[PDB]
Amino acid sequence: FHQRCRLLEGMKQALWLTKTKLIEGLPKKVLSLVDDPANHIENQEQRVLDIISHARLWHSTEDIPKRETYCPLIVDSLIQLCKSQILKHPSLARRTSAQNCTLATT
Amino acid sequence: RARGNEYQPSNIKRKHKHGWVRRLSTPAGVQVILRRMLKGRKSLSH
Amino acid sequence: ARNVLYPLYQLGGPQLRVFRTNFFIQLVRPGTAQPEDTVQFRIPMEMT
Amino acid sequence: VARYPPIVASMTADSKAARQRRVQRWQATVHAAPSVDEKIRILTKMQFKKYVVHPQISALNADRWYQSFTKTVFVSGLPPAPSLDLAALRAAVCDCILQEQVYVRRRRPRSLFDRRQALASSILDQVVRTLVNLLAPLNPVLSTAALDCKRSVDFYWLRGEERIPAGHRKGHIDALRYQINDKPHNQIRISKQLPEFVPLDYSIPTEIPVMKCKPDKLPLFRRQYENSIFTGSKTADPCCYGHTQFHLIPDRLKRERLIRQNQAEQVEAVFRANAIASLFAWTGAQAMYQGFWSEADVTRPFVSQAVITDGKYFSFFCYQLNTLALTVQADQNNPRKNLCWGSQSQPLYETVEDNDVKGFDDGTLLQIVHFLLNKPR
RNA sequence: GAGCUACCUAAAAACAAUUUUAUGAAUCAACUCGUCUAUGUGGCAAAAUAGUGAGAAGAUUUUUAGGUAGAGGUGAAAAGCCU
RNA sequence: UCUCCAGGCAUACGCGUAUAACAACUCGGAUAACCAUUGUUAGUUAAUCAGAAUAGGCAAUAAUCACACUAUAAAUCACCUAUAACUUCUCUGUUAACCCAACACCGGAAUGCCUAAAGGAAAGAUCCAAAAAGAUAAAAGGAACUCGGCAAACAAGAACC
Ligand SMILES: [Mg+2]
Ligand SMILES: [Mg+2]
Ligand SMILES: [Mg+2]
Ligand SMILES: [Mg+2]
Ligand SMILES: [Mg+2]
Ligand SMILES: [Mg+2]
Ligand SMILES: [Mg+2]
Ligand SMILES: [Mg+2]
Ligand SMILES: [Mg+2]
Ligand SMILES: [Mg+2]
Ligand SMILES: [Mg+2]
Ligand SMILES: [Mg+2]
Ligand SMILES: [Mg+2]
Ligand SMILES: [Mg+2]
Ligand SMILES: [Mg+2]
Ligand SMILES: [Mg+2]
Ligand SMILES: [Mg+2]
Ligand SMILES: [Mg+2]
Ligand SMILES: [Mg+2]
Ligand SMILES: [Mg+2]
Ligand SMILES: [Mg+2]
Ligand SMILES: [Mg+2]
Ligand SMILES: [Mg+2]
Ligand SMILES: [Mg+2]
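Chains as they are written, first to last, in our numbering: chain A, 1 to 106; chain B, 107 to 152; chain C, 153 to 200; chain D, 201 to 577.
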């Protein structure tokens, strides 16, 4: 199974292959983390709108940027915004990222 | 309208139609070359 | 060298040495204005 | 009380004075233009054949030529003149370098020539991201900043005039158009303007090199495409000023290749040419966003920084955009010249073996940290 | 001999503003065409010029390369076109 | 410097030195000045502009700001599985007022951007004749002109076969 592979049955086939049971909705532990206003970022709503506007219009000289340049930008921008919480939580300094990694199993 | 400008030069069109490789493709074209060599022509084709 | 055969090169071939060279070149006065370092030459058309 | 008509040239006459008055009429529309975007549109709506300046260029002595195109004086050294977690920053920088070469897999490249360049690009990209985050607690400005990778910075300006040498327009006056279209590897854009490195109008003994010949002698050709003044983001972007630029020298221009080509002196000239070209384009574009253009000289100098590397070595340059009035009409009696300060290249790390980076020099890391920590007043 | 022209294949490009609506509909440029009058008539022109007119999101126009050849080709048939 | 006109700069196809300076004043420009002409000398500088490894496996889901919205004419190598090779800058295009029309032809010529910041000059000097061509103005009348309201009009509205 590789990137381009498309399962005809969608989720159901994936469940059978990996022997997993599906629960709808994120874990309550994850959801409750952002319900606390202490985790809320300053000007969160405004900054997100700028990122969306930057992602789709302002980043390229052209008029209508193509999806080959604003789906990576939107995700990269948000991660570089969520990663601004190092000020509140110094523990976030213990992580780093990579690009186009290779994962395989048998 | 106004005639006289039928010739619309294109080097790709010219060489394909009356070129060396085009002439040699058929024996009827090779006999065009053979006669031209007999006469003494400066240019045997395009 | 010009008007001579260059041996065909395939993987692992020796280096090509031309002991006596047919390329003869001449230095000309620039037609336009050129930087002090720049120098103009007229060379055989087969020279790289 | 005789209301004489003004002693000015006719608008519609076919004369040099009449032509000049018509030019002033066009400039008037720019002056009265309501918004910056309309100002830029009026300036660049017409496209003429323009030299294409390349910040990363192999031409000999491109640095000196680029100064004349920009009127930038290169002064060697740094501009005239807290607690840091060096263990964390030093360890983090090593992690990015080591993680990439020793660890991580990806799919081994196909072309056998860009592998080292591809490896060099990723270490630079990752190191910048980590430092921005790791330096964020020390400087909160980076949190408000925007980090862009491989975005486009453009600037189109007029400097000098020439008489058309041949054709039907022989002898017609033609301005010399230059443009810079650049894609800096990494850049930081901040809303607030950075502090000045020197008071505006500061005079220095050094003078711009004057080139006898035309710009075509060093390989530099002309094309007619869209003129664009772009700061890496559109005018609507709240973040319009600049903080620092990261540039990667291409493989062809690396130290070893130049030595074999016998152009040893160009080892550092390559760095100077890119720094002058890119920073002027970035700072120059910023001024247009604030509304300043050639006739209306910038009241407040614009300052930006850049760091240029070949993968291993690093050199840092500082720039100040004293003037945009780089035209024959607007440069008649202009005593202000742009100032650029540069430092020699330093090797960040000698080489990597096993899981340790050999020959790591803290001085290079300290200088990078100082640039990132510079903040608006 | 299909670089003109009739037709076709493939790869492409152009179409503002306005009103309808959701279109081989409307007003009208670019653009395509060529109803009428006038001038010209060895003419600017071996078919043009000045006005006036028709279409202008479509059976649309245009570009590039290729194919069909005379006992033939092509033809929304004028015995029309094929330098 | 003044007066006035309003398709201009690039690209492609094409053309092939018509480019530029000097010198000539035979020829060419339908006349002169000047050269587009003659002779000699020069010229257009690119890793970015432009042009020129193998064997398998397998793709239901247009475009139009693609979200909503529907429709019908049903609509552009990649990614994997293995083998092979492990560090490069050569070559060619680049000039001009240019091409198809025997012509320095009121004709034909595709795309990009812009509409004067770019590009240009209708009159060699004279003169005010007839005829001819074009533009504008008209007392009274208003198609009485004519094959016909052709052309023109301060009109450009209505109905019919
Ligand atoms: Mg003929
Ligand atoms: Mg044709
Ligand atoms: Mg002019
Ligand atoms: Mg054809
Ligand atoms: Mg037909
Ligand atoms: Mg339309
Ligand atoms: Mg017709
Ligand atoms: Mg109509
Ligand atoms: Mg109609
Ligand atoms: Mg219609
Ligand atoms: Mg019939
Ligand atoms: Mg015939
Ligand atoms: Mg000449
Ligand atoms: Mg002369
Ligand atoms: Mg003539
Ligand atoms: Mg000559
Ligand atoms: Mg290229
Ligand atoms: Mg050219
Ligand atoms: Mg005249
Ligand atoms: Mg007269
Ligand atoms: Mg009248
Ligand atoms: Mg009358
Ligand atoms: Mg009657
Ligand atoms: Mg009538």
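Quick reminder that beta carbons are idealized off the backbone N, C-alpha and C, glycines included.
Fill in: Inter-stretch contact at 8 Å, needing at least 3 Cβ pairs: the stretch 479–495 of chain D / the stretch 437–454 of chain D
yes
Worksheet item: Is there a Cβ from chain A that is less than 8 Å from the Cβ of D/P450?
Response: no
Worksheet item: For C/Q178, is the classification buried or exposed, using 16 other Cβ atoms within 10 angstroms of its Cβ as the cut-off for buried?
Response: exposed
Worksheet entry | D/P438 versus D/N427: straight-line alpha-carbon distance, rounded | 23 Å
Worksheet item: Can you tell me whether DSSP reads D/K558 as helix, strand or coil?
Response: Here D/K558 sits in strand by DSSP.
Worksheet item: Between the Cα of D/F313 and the Cα atoms of D/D451, D/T431, D/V507, which residue gives the shortest distance?
Response: Nearest of D/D451, D/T431, D/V507 to D/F313, Cα basis: D/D451.
Worksheet item: If we call anything under 8 Å between Cβ atoms a contact, is D/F480 one with D/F355?
Response: The answer is yes: Cβ separation under 8 Å.
Fill in: Reduced DSSP category for A/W58 - H, G, I as helix; E, B as strand; rest coil
helix
Discussion item. I'd like the list of long-range same chain contacts for D/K383, defined as Cβ closer than 6 Å, with 5 residues on each side in sequence excluded.
Written reply: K350, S352
Item to complete: Would you list, in chain order, the members of the stretch 187–199 of chain C that have their beta-carbon closer than 9 Å to a beta-carbon of chain D?
Response: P187, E188, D189, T190
Worksheet item: Since D/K412 meets chain C, which of its residues come closer than 8 Å, beta carbon to beta carbon?
Response: Neighbours of D/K412 in chain C, taken as residues at a C-beta separation under 8 Å, are given in chain order as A185, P187.
Worksheet entry | Nearest-angstrom beta carbon gap, B/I139 and B/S151 [assumed within contact, 8 Å] | Right, their Cβ atoms sit about 7 Å apart.
Discussion item. Taking the straight line between their C-alpha atoms, what separation do you get for D/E550 and D/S322?
Written reply: Inter-residue distance for D/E550 and D/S322 is about 18 Å (C-alpha atoms, whole angstroms).
Worksheet item: Contact between the stretch 510–524 of chain D and the stretch 558–574 of chain D: three or more CB pairs below 8 Å?
Response: yes
Item to complete: Go through the stretch 474–554 of chain D residue by residue and report every complete run of the beta strand (DSSP E) that reaches 3 residues or more, in order.
Response: 502–509, 513–521, 538–542, 551–553
Worksheet entry | Extent of the continuous beta strand (DSSP E) run through D/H447 | 441–448
Discussion item. Tell me whether B/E112, by its Cβ, gets closer than 7 Å to a heavy atom of ligand 1.
Written reply: Yes, Cβ of B/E112 sits closer than 7 Å to a heavy atom of ligand 1.
Practice prompt. Evaluate D/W357 with the Cβ neighbour count: other Cβ atoms within 10 Å of its Cβ, from every protein chain shown; 16 or more gives buried, anything less gives exposed.
Written response: buried
Worksheet entry | Listed by chain order, chain C residues near D/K417 by CB distance under 7 Å | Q186, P187, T190
Practice prompt. Please state if the CB of D/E456 and the CB of D/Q544 are separated by a distance shorter than 8 Å.
Written response: no
Worksheet item: Are the C-beta atoms of A/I23 and some chain D residue less than 8 Å apart?
Response: no
Fill in: CB contact flag (D/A475, D/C540, <8 Å)
yes
Practice prompt. Note down, one range per segment and in chain order, each beta strand (DSSP E) of at least 3 residues found wholly within the stretch 367–451 of chain D.
Written response: With a minimum length of 3 residues, the unbroken runs of beta strand (DSSP E) contained wholly in the stretch 367–451 of chain D fall at 373–382, 386–390, 441–448.
Item to complete: Name, going along the chain, the residues of the stretch 63–87 of chain A whose beta-carbon falls closer than 7 Å to a beta-carbon of chain D.
Response: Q80, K83, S84, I86, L87
Worksheet item: Hey, how far is the Cα of D/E238 from the Cα of A/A93?
Response: Spanning the two alpha carbons is a distance of roughly 44 Å.
Fill in: With 16 other Cβ atoms within 10 Å as the buried cut-off, status of C/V156
exposed
Worksheet item: Thinking C-alpha only, which one of D/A320, D/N522, D/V528 is nearest D/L548?
Response: D/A320
Discussion item. I need the straight-line Cα distance from D/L286 to D/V569, nearest angstrom please.
Written reply: Straight-line Cα distance between these residues: approximately 10 Å.
Discussion item. Just to make sure I have the definition right: I need the residues of chain D whose C-beta is within less than 8 Å of the C-beta of A/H40. Which are they?
Written reply: None at all; the shortest Cβ gap to chain D is about 15 Å.
Practice prompt. Give me the Cα-Cα distance between A/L73 and D/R389, rounded to the nearest whole angstrom.
Written response: 15 Å
Worksheet item: Looking at the C-beta of A/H54, does it have a partner C-beta in chain D at a distance below 8 Å?
Response: yes
Practice prompt. Could you check the C-alpha separation between residue 578 of chain D and D/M246 for me, to the nearest Å?
Written response: No statement about residue 578 of chain D is possible, as the shown extent of chain D runs from 201 to 577 and does not include it.
Practice prompt. Quick one: using the 10 Å Cβ neighbour count with 16 as the cut-off for buried, is A/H89 buried or exposed?
Written response: exposed
Fill in: Residue environment, D/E300, which counts as buried when at least 16 other CB atoms sit within 10 Å
buried
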